[PDB]
file data_19.pdb (PDB, C-alpha atoms)
ATOM      1  CA  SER A 469      -3.506   8.794 -15.394  1.00  0.00           C
ATOM      2  CA  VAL A 470      -5.606  10.480 -12.719  1.00  0.00           C
ATOM      3  CA  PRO A 471      -4.091  13.271 -10.553  1.00  0.00           C
ATOM      4  CA  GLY A 472      -3.373  12.225  -6.989  1.00  0.00           C
ATOM      5  CA  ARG A 473      -2.270   9.077  -5.219  1.00  0.00           C
ATOM      6  CA  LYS A 474      -5.089   6.551  -5.765  1.00  0.00           C
ATOM      7  CA  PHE A 475      -3.903   2.935  -6.046  1.00  0.00           C
ATOM      8  CA  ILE A 476      -5.612  -0.447  -5.717  1.00  0.00           C
ATOM      9  CA  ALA A 477      -4.256  -3.552  -4.014  1.00  0.00           C
ATOM     10  CA  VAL A 478      -3.731  -6.367  -6.560  1.00  0.00           C
ATOM     11  CA  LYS A 479      -2.174  -8.627  -3.892  1.00  0.00           C
ATOM     12  CA  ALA A 480      -2.840  -9.246  -0.235  1.00  0.00           C
ATOM     13  CA  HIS A 481      -0.317  -8.506   2.500  1.00  0.00           C
ATOM     14  CA  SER A 482      -0.027  -9.919   6.031  1.00  0.00           C
ATOM     15  CA  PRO A 483       2.066  -7.701   8.355  1.00  0.00           C
ATOM     16  CA  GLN A 484       5.493  -9.070   9.271  1.00  0.00           C
ATOM     17  CA  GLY A 485       7.270  -6.134  10.860  1.00  0.00           C
ATOM     18  CA  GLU A 486       6.792  -2.999  12.892  1.00  0.00           C
ATOM     19  CA  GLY A 487       4.575  -0.561  11.147  1.00  0.00           C
ATOM     20  CA  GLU A 488       3.280  -2.880   8.429  1.00  0.00           C
ATOM     21  CA  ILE A 489      -0.418  -2.873   7.576  1.00  0.00           C
ATOM     22  CA  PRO A 490      -2.470  -5.656   5.960  1.00  0.00           C
ATOM     23  CA  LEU A 491      -3.751  -5.349   2.415  1.00  0.00           C
ATOM     24  CA  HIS A 492      -6.578  -7.184   0.725  1.00  0.00           C
ATOM     25  CA  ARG A 493      -7.090  -7.395  -3.045  1.00  0.00           C
ATOM     26  CA  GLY A 494      -9.403  -4.676  -4.373  1.00  0.00           C
ATOM     27  CA  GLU A 495      -8.900  -2.198  -1.535  1.00  0.00           C
ATOM     28  CA  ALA A 496      -8.281   1.480  -2.242  1.00  0.00           C
ATOM     29  CA  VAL A 497      -4.757   2.504  -1.114  1.00  0.00           C
ATOM     30  CA  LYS A 498      -3.459   6.111  -0.986  1.00  0.00           C
ATOM     31  CA  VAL A 499       0.320   5.973  -1.549  1.00  0.00           C
ATOM     32  CA  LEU A 500       2.147   8.484   0.665  1.00  0.00           C
ATOM     33  CA  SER A 501       5.880   7.782   0.501  1.00  0.00           C
ATOM     34  CA  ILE A 502       8.477   5.092  -0.262  1.00  0.00           C
ATOM     35  CA  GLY A 503      10.685   3.121   2.120  1.00  0.00           C
ATOM     36  CA  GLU A 504      13.661   0.817   1.879  1.00  0.00           C
ATOM     37  CA  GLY A 505      13.601  -2.703   0.596  1.00  0.00           C
ATOM     38  CA  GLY A 506      10.661  -2.506  -1.763  1.00  0.00           C
ATOM     39  CA  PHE A 507       8.185  -1.264   0.836  1.00  0.00           C
ATOM     40  CA  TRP A 508       5.894   1.735   0.324  1.00  0.00           C
ATOM     41  CA  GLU A 509       3.766   3.636   2.831  1.00  0.00           C
ATOM     42  CA  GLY A 510       0.057   4.137   2.261  1.00  0.00           C
ATOM     43  CA  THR A 511      -3.319   4.729   3.839  1.00  0.00           C
ATOM     44  CA  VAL A 512      -6.237   2.233   3.862  1.00  0.00           C
ATOM     45  CA  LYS A 513      -9.470   3.011   5.749  1.00  0.00           C
ATOM     46  CA  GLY A 514      -7.907   5.285   8.310  1.00  0.00           C
ATOM     47  CA  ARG A 515      -4.734   3.304   8.969  1.00  0.00           C
ATOM     48  CA  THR A 516      -1.291   4.131   7.522  1.00  0.00           C
ATOM     49  CA  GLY A 517       1.695   1.830   7.271  1.00  0.00           C
ATOM     50  CA  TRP A 518       4.147  -0.177   5.243  1.00  0.00           C
ATOM     51  CA  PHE A 519       3.541  -2.894   2.616  1.00  0.00           C
ATOM     52  CA  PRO A 520       5.418  -4.335  -0.359  1.00  0.00           C
ATOM     53  CA  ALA A 521       5.093  -2.011  -3.371  1.00  0.00           C
ATOM     54  CA  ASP A 522       4.364  -5.021  -5.588  1.00  0.00           C
ATOM     55  CA  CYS A 523       0.975  -5.312  -3.806  1.00  0.00           C
ATOM     56  CA  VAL A 524      -0.450  -2.120  -5.425  1.00  0.00           C
ATOM     57  CA  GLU A 525      -1.155  -0.599  -8.825  1.00  0.00           C
ATOM     58  CA  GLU A 526      -2.093   2.960  -9.784  1.00  0.00           C
ATOM     59  CA  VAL A 527      -5.589   3.792 -10.876  1.00  0.00           C
TER      60      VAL A 527
END
call {"tool": "encode", "arguments": {"input": "data_19.pdb", "output": "structure tokens"}}
result
Amino acid sequence: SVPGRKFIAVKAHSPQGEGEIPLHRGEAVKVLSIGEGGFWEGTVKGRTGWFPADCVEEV
């Protein structure tokens, strides 16, 4: 465990809905909040949006 909200993408994501962001494996993701339907909200390189939670793992 490390304090804070640092995660890493283990899976890619291609956006398929309003407000979704892409993810690429290995990227740093700051997890901000949770949504409905298995989606979480996070920040990658100055963009924030939705992606499936199963794409990320905590550092």
call {"tool": "closest_residue", "arguments": {"input": "data_19.pdb", "among": "A:520, A:500, A:469, A:527", "to": "residue A:483", "atoms": "all atoms listed in the file"}}
result
A:520
call {"tool": "resolve_selection", "arguments": {"input": "data_19.pdb", "expression": "the PyMOL selection byres ((chain A and resi 517) around 12)", "output": "PyMOL selection string"}}
result
chain A and resi 481-491+497-503+507-516+518-521
call {"tool": "write_last_selection", "arguments": {"input": "data_19.pdb", "atoms": "C-alpha atoms", "output": "mmCIF file, in the coordinates of the input"}}
result
data_model
loop_
_atom_site.group_PDB
_atom_site.id
_atom_site.type_symbol
_atom_site.label_atom_id
_atom_site.label_comp_id
_atom_site.auth_asym_id
_atom_site.auth_seq_id
_atom_site.Cartn_x
_atom_site.Cartn_y
_atom_site.Cartn_z
ATOM 1 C CA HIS A 481 -0.317 -8.506 2.500
ATOM 2 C CA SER A 482 -0.027 -9.919 6.031
ATOM 3 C CA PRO A 483 2.066 -7.701 8.355
ATOM 4 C CA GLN A 484 5.493 -9.070 9.271
ATOM 5 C CA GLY A 485 7.270 -6.134 10.860
ATOM 6 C CA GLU A 486 6.792 -2.999 12.892
ATOM 7 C CA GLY A 487 4.575 -0.561 11.147
ATOM 8 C CA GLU A 488 3.280 -2.880 8.429
ATOM 9 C CA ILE A 489 -0.418 -2.873 7.576
ATOM 10 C CA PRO A 490 -2.470 -5.656 5.960
ATOM 11 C CA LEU A 491 -3.751 -5.349 2.415
ATOM 12 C CA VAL A 497 -4.757 2.504 -1.114
ATOM 13 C CA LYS A 498 -3.459 6.111 -0.986
ATOM 14 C CA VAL A 499 0.320 5.973 -1.549
ATOM 15 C CA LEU A 500 2.147 8.484 0.665
ATOM 16 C CA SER A 501 5.880 7.782 0.501
ATOM 17 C CA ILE A 502 8.477 5.092 -0.262
ATOM 18 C CA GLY A 503 10.685 3.121 2.120
ATOM 19 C CA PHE A 507 8.185 -1.264 0.836
ATOM 20 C CA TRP A 508 5.894 1.735 0.324
ATOM 21 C CA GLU A 509 3.766 3.636 2.831
ATOM 22 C CA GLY A 510 0.057 4.137 2.261
ATOM 23 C CA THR A 511 -3.319 4.729 3.839
ATOM 24 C CA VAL A 512 -6.237 2.233 3.862
ATOM 25 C CA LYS A 513 -9.470 3.011 5.749
ATOM 26 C CA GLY A 514 -7.907 5.285 8.310
ATOM 27 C CA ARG A 515 -4.734 3.304 8.969
ATOM 28 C CA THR A 516 -1.291 4.131 7.522
ATOM 29 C CA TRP A 518 4.147 -0.177 5.243
ATOM 30 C CA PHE A 519 3.541 -2.894 2.616
ATOM 31 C CA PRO A 520 5.418 -4.335 -0.359
ATOM 32 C CA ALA A 521 5.093 -2.011 -3.371
#
call {"tool": "resolve_selection", "arguments": {"input": "data_19.pdb", "expression": "the PyMOL selection byres ((chain A and resi 493) around 7)", "output": "PDB file with C-alpha atoms, in the frame of the given file"}}
result
ATOM      1  CA  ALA A 477      -4.256  -3.552  -4.014  1.00  0.00           C
ATOM      2  CA  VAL A 478      -3.731  -6.367  -6.560  1.00  0.00           C
ATOM      3  CA  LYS A 479      -2.174  -8.627  -3.892  1.00  0.00           C
ATOM      4  CA  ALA A 480      -2.840  -9.246  -0.235  1.00  0.00           C
ATOM      5  CA  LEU A 491      -3.751  -5.349   2.415  1.00  0.00           C
ATOM      6  CA  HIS A 492      -6.578  -7.184   0.725  1.00  0.00           C
ATOM      7  CA  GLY A 494      -9.403  -4.676  -4.373  1.00  0.00           C
ATOM      8  CA  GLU A 495      -8.900  -2.198  -1.535  1.00  0.00           C
TER       9      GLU A 495
END
call {"tool": "axis_aligned_box", "arguments": {"input": "data_19.pdb", "around": "stretch 494-503 of chain A", "padding_each_side": "6 Å", "output": "AutoDock Vina command-line options"}}
result
--center_x 0.6 --center_y 1.9 --center_z -1.1 --size_x 32.1 --size_y 25.2 --size_z 18.5
call {"tool": "resolve_selection", "arguments": {"input": "data_19.pdb", "expression": "the PyMOL selection byres ((chain A and resi 525) around 6)", "output": "list in words"}}
result
residues 475, 476, 524 and 526 of chain A
call {"tool": "decode", "arguments": {"input": "data_19.pdb", "residues": "stretch 484-520 of chain A", "atoms": "N, CA and C atoms", "output": "mmCIF file, in the first residue's frame"}}
result
data_model
loop_
_atom_site.group_PDB
_atom_site.id
_atom_site.type_symbol
_atom_site.label_atom_id
_atom_site.label_comp_id
_atom_site.auth_asym_id
_atom_site.auth_seq_id
_atom_site.Cartn_x
_atom_site.Cartn_y
_atom_site.Cartn_z
ATOM 1 N N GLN A 484 -16.375 4.191 -25.534
ATOM 2 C CA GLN A 484 -17.624 3.754 -26.149
ATOM 3 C C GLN A 484 -18.825 4.395 -25.481
ATOM 4 N N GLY A 485 -18.698 5.645 -25.077
ATOM 5 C CA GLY A 485 -19.781 6.341 -24.428
ATOM 6 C C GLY A 485 -19.302 7.701 -23.983
ATOM 7 N N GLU A 486 -20.279 8.585 -23.757
ATOM 8 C CA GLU A 486 -19.984 9.954 -23.383
ATOM 9 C C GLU A 486 -19.113 10.001 -22.133
ATOM 10 N N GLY A 487 -18.012 10.683 -22.210
ATOM 11 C CA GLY A 487 -17.233 10.856 -21.033
ATOM 12 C C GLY A 487 -16.204 9.782 -20.785
ATOM 13 N N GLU A 488 -16.163 8.746 -21.601
ATOM 14 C CA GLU A 488 -15.110 7.737 -21.487
ATOM 15 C C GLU A 488 -13.788 8.238 -22.047
ATOM 16 N N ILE A 489 -12.697 7.773 -21.426
ATOM 17 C CA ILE A 489 -11.352 8.080 -21.888
ATOM 18 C C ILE A 489 -10.682 6.765 -22.318
ATOM 19 N N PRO A 490 -9.734 6.824 -23.259
ATOM 20 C CA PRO A 490 -8.925 5.644 -23.544
ATOM 21 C C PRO A 490 -7.973 5.353 -22.411
ATOM 22 N N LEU A 491 -7.540 4.094 -22.378
ATOM 23 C CA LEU A 491 -6.457 3.634 -21.503
ATOM 24 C C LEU A 491 -5.524 2.758 -22.329
ATOM 25 N N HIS A 492 -4.266 2.812 -22.001
ATOM 26 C CA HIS A 492 -3.259 1.959 -22.585
ATOM 27 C C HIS A 492 -2.486 1.303 -21.449
ATOM 28 N N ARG A 493 -2.177 0.006 -21.610
ATOM 29 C CA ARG A 493 -1.441 -0.746 -20.610
ATOM 30 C C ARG A 493 -0.154 -0.019 -20.212
ATOM 31 N N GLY A 494 0.086 0.064 -18.891
ATOM 32 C CA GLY A 494 1.258 0.661 -18.321
ATOM 33 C C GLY A 494 1.093 2.115 -17.925
ATOM 34 N N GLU A 495 0.067 2.795 -18.401
ATOM 35 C CA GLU A 495 -0.165 4.174 -18.015
ATOM 36 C C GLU A 495 -0.491 4.319 -16.516
ATOM 37 N N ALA A 496 0.048 5.390 -15.943
ATOM 38 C CA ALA A 496 -0.404 5.896 -14.641
ATOM 39 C C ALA A 496 -1.833 6.447 -14.708
ATOM 40 N N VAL A 497 -2.675 6.038 -13.748
ATOM 41 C CA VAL A 497 -4.072 6.463 -13.664
ATOM 42 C C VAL A 497 -4.320 6.906 -12.211
ATOM 43 N N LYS A 498 -4.808 8.131 -12.009
ATOM 44 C CA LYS A 498 -5.245 8.563 -10.675
ATOM 45 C C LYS A 498 -6.747 8.333 -10.558
ATOM 46 N N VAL A 499 -7.161 7.442 -9.654
ATOM 47 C CA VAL A 499 -8.576 7.100 -9.503
ATOM 48 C C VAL A 499 -9.261 8.111 -8.599
ATOM 49 N N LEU A 500 -10.299 8.738 -9.127
ATOM 50 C CA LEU A 500 -11.013 9.845 -8.468
ATOM 51 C C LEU A 500 -12.305 9.429 -7.785
ATOM 52 N N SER A 501 -13.124 8.646 -8.462
ATOM 53 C CA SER A 501 -14.457 8.314 -7.976
ATOM 54 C C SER A 501 -14.921 7.051 -8.708
ATOM 55 N N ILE A 502 -16.058 6.507 -8.283
ATOM 56 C CA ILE A 502 -16.675 5.354 -8.918
ATOM 57 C C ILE A 502 -18.024 5.743 -9.542
ATOM 58 N N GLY A 503 -18.418 4.993 -10.573
ATOM 59 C CA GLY A 503 -19.633 5.213 -11.298
ATOM 60 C C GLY A 503 -20.494 3.989 -11.244
ATOM 61 N N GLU A 504 -21.536 3.937 -12.050
ATOM 62 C CA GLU A 504 -22.382 2.780 -12.166
ATOM 63 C C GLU A 504 -21.789 1.805 -13.180
ATOM 64 N N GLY A 505 -22.188 0.565 -13.056
ATOM 65 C CA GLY A 505 -21.952 -0.407 -14.087
ATOM 66 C C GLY A 505 -20.519 -0.831 -14.266
ATOM 67 N N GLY A 506 -19.729 -0.764 -13.218
ATOM 68 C CA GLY A 506 -18.360 -1.213 -13.252
ATOM 69 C C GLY A 506 -17.376 -0.182 -13.774
ATOM 70 N N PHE A 507 -17.814 1.031 -14.036
ATOM 71 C CA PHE A 507 -16.946 2.090 -14.483
ATOM 72 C C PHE A 507 -16.446 2.892 -13.285
ATOM 73 N N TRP A 508 -15.189 3.322 -13.386
ATOM 74 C CA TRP A 508 -14.551 4.258 -12.464
ATOM 75 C C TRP A 508 -14.128 5.499 -13.243
ATOM 76 N N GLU A 509 -13.871 6.567 -12.506
ATOM 77 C CA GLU A 509 -13.413 7.833 -13.052
ATOM 78 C C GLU A 509 -11.978 8.027 -12.623
ATOM 79 N N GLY A 510 -11.127 8.441 -13.567
ATOM 80 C CA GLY A 510 -9.733 8.703 -13.250
ATOM 81 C C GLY A 510 -9.108 9.670 -14.222
ATOM 82 N N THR A 511 -7.907 10.098 -13.848
ATOM 83 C CA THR A 511 -7.129 11.085 -14.587
ATOM 84 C C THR A 511 -5.858 10.452 -15.162
ATOM 85 N N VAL A 512 -5.644 10.663 -16.483
ATOM 86 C CA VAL A 512 -4.471 10.230 -17.224
ATOM 87 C C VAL A 512 -3.988 11.422 -18.025
ATOM 88 N N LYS A 513 -2.767 11.898 -17.750
ATOM 89 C CA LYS A 513 -2.106 12.916 -18.568
ATOM 90 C C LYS A 513 -3.048 14.071 -18.895
ATOM 91 N N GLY A 514 -3.636 14.617 -17.845
ATOM 92 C CA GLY A 514 -4.425 15.825 -17.987
ATOM 93 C C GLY A 514 -5.808 15.690 -18.588
ATOM 94 N N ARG A 515 -6.290 14.475 -18.742
ATOM 95 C CA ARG A 515 -7.670 14.196 -19.100
ATOM 96 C C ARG A 515 -8.307 13.301 -18.037
ATOM 97 N N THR A 516 -9.568 13.583 -17.715
ATOM 98 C CA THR A 516 -10.350 12.812 -16.748
ATOM 99 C C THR A 516 -11.597 12.231 -17.404
ATOM 100 N N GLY A 517 -11.889 10.967 -17.104
ATOM 101 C CA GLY A 517 -13.104 10.372 -17.605
ATOM 102 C C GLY A 517 -13.270 8.960 -17.113
ATOM 103 N N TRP A 518 -14.220 8.296 -17.719
ATOM 104 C CA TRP A 518 -14.719 6.988 -17.304
ATOM 105 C C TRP A 518 -14.023 5.843 -18.062
ATOM 106 N N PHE A 519 -13.835 4.718 -17.355
ATOM 107 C CA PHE A 519 -13.281 3.499 -17.944
ATOM 108 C C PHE A 519 -13.703 2.333 -17.085
ATOM 109 N N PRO A 520 -13.694 1.121 -17.618
ATOM 110 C CA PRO A 520 -14.007 -0.049 -16.788
ATOM 111 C C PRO A 520 -12.966 -0.225 -15.665
#
